[PDB]
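Undergrad: Sharing a structure, written as structure tokens. Questions coming.
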Amino acid sequence: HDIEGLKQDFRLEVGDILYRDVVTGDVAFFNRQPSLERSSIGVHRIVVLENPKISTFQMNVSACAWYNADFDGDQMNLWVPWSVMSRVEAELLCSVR
Amino acid sequence: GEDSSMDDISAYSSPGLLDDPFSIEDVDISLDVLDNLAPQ
Amino acid sequence: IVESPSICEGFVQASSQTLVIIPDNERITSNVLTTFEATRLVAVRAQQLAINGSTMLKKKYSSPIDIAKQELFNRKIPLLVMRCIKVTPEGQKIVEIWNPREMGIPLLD
Amino acid sequence: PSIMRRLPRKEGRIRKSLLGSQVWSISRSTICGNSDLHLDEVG
Ligand SMILES: [Mg+2]
């Protein structure tokens, strides 16, 4: 069901699946190609930038050592886990710590 | 010996001429993100 | 004379196996969960809570992941870890049954 | 075009559709520096 075509419900029914927006504090897999080391894909805590004019993936400069990255024009992938099973394992196994 | 109708087509060009060392064939990187390979 | 194929040979379905559980005193694997096993336990419990939601955790949390983590930490998780040791040609499947309520959890919180 | 030509090379069946994958729910953008973010945080 859509959310714009469905506005007659006071609350939700138990068992439903809600596809909510990504918020600050969510974990995300963050990758740069080529992936040579196994630290090339790491899990970071998302900080959502409220500025509508920002279109870049910002990270601390000390975090570039994981990905062998720099800011001369590199592009990096990012996918946010949504499944509970994949979201658990991102926090416990794939965290950049 | 003065005919050109049945001459070899490939002979009008300049006559004459396993892994490519400079080809990224076993490197799986998207072609739209090739700037990550810049020497910088 | 090696003759034409018969029905005795040519079976595709593998024969069924008998689960041989090593006794507790004769176990060799470690009494400590690996990070892989702890992560799998927490993920499975979180997904099942997202399905059912019935838990005996005394505290209250608003996420299946947190509830699963606290269940593992409080040793109240309804799961077992079966470590497949060997599949014997005669049919037996020797495994190890470990209880995560009496093993050391490697996670941190 | 042949059935077995689909297999071998990098753009073949094995290395492009099986060993690799096109996925949904993924994003790409240029990276940037931000000294106010933690090492385990991404803007
Ligand atoms: Mg670069």
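Undergrad: For the stretch C:42-92, what are the residues that are within 13 Å of chain A (Cβ to nearest Cβ) and of a type in the set (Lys, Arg)?
TA: Selection gives C:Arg45, C:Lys69.
Undergrad: Quick test for you: out of A:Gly5, A:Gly15, pick the one residue that is away from the ligand (no atom under 16 Å from the Cβ) and on the phi > 0 side of the Ramachandran plot.
TA: Numbers: A:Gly5 fails: on the phi > 0 side of the Ramachandran plot.
Unique residue meeting the criteria: A:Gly15.
Undergrad: Still on this structure: Checking the condition more than 16 Å from the ligand (Cβ to nearest atom) and more than 19 Å from D:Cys32 (Cβ to Cβ), which residue from A:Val43, A:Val80 passes? Give the derivation first.
TA: On the way: A:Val80 fails: more than 19 Å from D:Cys32 (Cβ to Cβ).
The match here is A:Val43.
Undergrad: Applying the selection to the stretch C:1-58, what residues are surrounded by 10 or more Cβ atoms within 10 Å (Cβ to Cβ) and part of a loop (DSSP other than H, G, I, E, B)? Write out each step before concluding.
TA: Residues of the stretch C:1-58 that are surrounded by 10 or more Cβ atoms within 10 Å (Cβ to Cβ), as a first pass: C:17-22, C:24, C:27, C:29-51, C:53, C:55, C:57.
Selection gives C:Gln17, C:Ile22, C:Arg27, C:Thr29, C:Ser30, C:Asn31, C:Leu33, C:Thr34, C:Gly53, C:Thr55, C:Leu57.
Undergrad: Just to be sure before I move on: is D:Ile26 under 14 Å from the mean Cα position of the chain (by Cα) and surrounded by 10 or more Cβ atoms within 10 Å (Cβ to Cβ) in the structure I sent?
TA: Values: under 14 Å from the mean Cα position of the chain (by Cα): yes; surrounded by 10 or more Cβ atoms within 10 Å (Cβ to Cβ): yes.
It is true that D:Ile26 is under 14 Å from the mean Cα position of the chain (by Cα) and surrounded by 10 or more Cβ atoms within 10 Å (Cβ to Cβ).
Undergrad: If you don't mind, another one. Considering the stretch A:58-69 alone, what residues qualify as being closer than 20 Å to B:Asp28 by Cα and either surrounded by fewer than 18 Cβ atoms within 10 Å (Cβ to Cβ) or among the polar types (S, T, N, Q) (or both)? Steps first, please.
TA: Of all residues in the stretch A:58-69, those closer than 20 Å to B:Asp28 by Cα come to A:66-69.
Matches in the stretch A:58-69: A:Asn68 only.
Undergrad: Moving on to the next point. Just to be sure I understand, how many residues within the stretch A:42-57 are in contact with an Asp or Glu (Cβ under 9 Å, 6 or more places away or on another chain) and crowded, with 17+ Cβ neighbours inside 10 Å? Lay out the reasoning, then the answer.
TA: Applying the first criterion (in contact with an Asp or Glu (Cβ under 9 Å, 6 or more places away or on another chain)) to the stretch A:42-57 yields A:42-48.
Among the residues that remain, those that are also crowded, with 17+ Cβ neighbours inside 10 Å are: A:42-47.
Of the residues in that region, 6 qualify.
Undergrad: List, please: which pairs have Cβ atoms under 6 Å, are six or more places apart or on different chains, and start with a residue in the stretch B:28-40 that is closer than 18 Å to A:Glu37 by Cβ and within 8 Å of chain A (Cβ to nearest Cβ) and end with one that is in a loop (DSSP other than H, G, I, E, B) and near the ligand (Cβ under 10 Å from one of its atoms)?
TA: Here the result reads B:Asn36/A:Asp74, each pair linking the stretch B:28-40 to a residue that is in a loop (DSSP other than H, G, I, E, B) and near the ligand (Cβ under 10 Å from one of its atoms).
Undergrad: I'd like to know if the stretch A:16-34 contains one or more residues that are under 25 Å from B:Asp32 (Cβ atoms), in a loop (DSSP other than H, G, I, E, B) and more than 18 Å from the chain's Cα centre (by Cα). Walk me through how you get there before you give the answer.
TA: From the stretch A:16-34, those under 25 Å from B:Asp32 (Cβ atoms) are A:22, A:28-34; that's our starting set.
Applying the additional criterion that residues be in a loop (DSSP other than H, G, I, E, B) yields A:22, A:33-34.
Going one step further and asking which of them are more than 18 Å from the chain's Cα centre (by Cα), we end up with A:34.
Among the residues of the stretch A:16-34, at least one is under 25 Å from B:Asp32 (Cβ atoms), in a loop (DSSP other than H, G, I, E, B) and more than 18 Å from the chain's Cα centre (by Cα), which makes the answer yes.
No lab work stands behind these numbers, since they all come straight from the coordinates. FYI the Cβ positions are ideal-geometry reconstructions off the backbone, even for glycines, and counts take in every protein chain you see.
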